[PDB]
Each structure stands twice: as structure tokens, then as C-alpha cells.
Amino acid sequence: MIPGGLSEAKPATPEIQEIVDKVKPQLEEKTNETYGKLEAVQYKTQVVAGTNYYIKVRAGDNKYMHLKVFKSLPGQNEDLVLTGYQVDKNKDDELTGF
């Protein structure tokens, strides 16, 4: 559990879920797709000048995606940002830095 690394994997929470719902329009403004429901399945946190969520989202029968959102620091006025996303992920693929 090094400094600046990623936390252990934790199950997703209602806040995480919310994050994925606030962020889902962004995944879409980029992939130009239209996903159905995206369900927060698991996640990891990383401490930067703010937080970097690494969300494992279940969206498609047994199709999983790995989104990466950066949450700003309470300070200035800024929302969640989709700073990355891996697609074609499995139910077990471990969440990781990227």
C-alpha cells in the first residue's frame, strides 16, 4: 500500500455509482456510443492533488468496462472528469493505474 499508489479493490458504493452516472455522458461524448445502464462494480482510489477513481463498471450482459475519473479537490469549482477508459474488460480484470 505504497504512497501515491492505488488502494486495495473495494466494492462499489452509491457515491461511486453516482460518479459513474455523472460521468457516463463523457464516456459517450468520446466513444460516440450509447450505453445502457452502467453499473459500478468495484473500485480503487489513488491520492493525487485530488482523487483518481478507477471504476470497474458492469455494462452489458457480461461486458465490463474500466473507467478512470479524477475528482478535484474541494478547493476550486470543478466537476468529475473522465480522464481515461479501458474497454472490453472482464468481471475479474483487476483495476489498475492508467
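One rule holds for the numbers: they count along the sequence shown, beginning at 1. Think of the rigid core as the biggest set of C-alphas that the two forms share within 1.5 Å after superposition.
After superposing on the rigid core, the larger RMS C-alpha deviation in 4 other deposited structures of this protein belongs to 56 to 64, the other candidate being whichever of 37 to 45 and 56 to 64 remains.
Farther on average from this form in 4 other deposited structures of this protein lies stretch 68 to 76, the comparison being between 46 to 54 and 68 to 76 by RMS Cα distance after core superposition. The stretch 62 to 70 shows the higher mean C-alpha B-factor when 46 to 54 is compared against 62 to 70 in the entry. If you average the C-alpha B-factors over 89 to 97 and over 3 to 11, the higher value belongs to 89 to 97.
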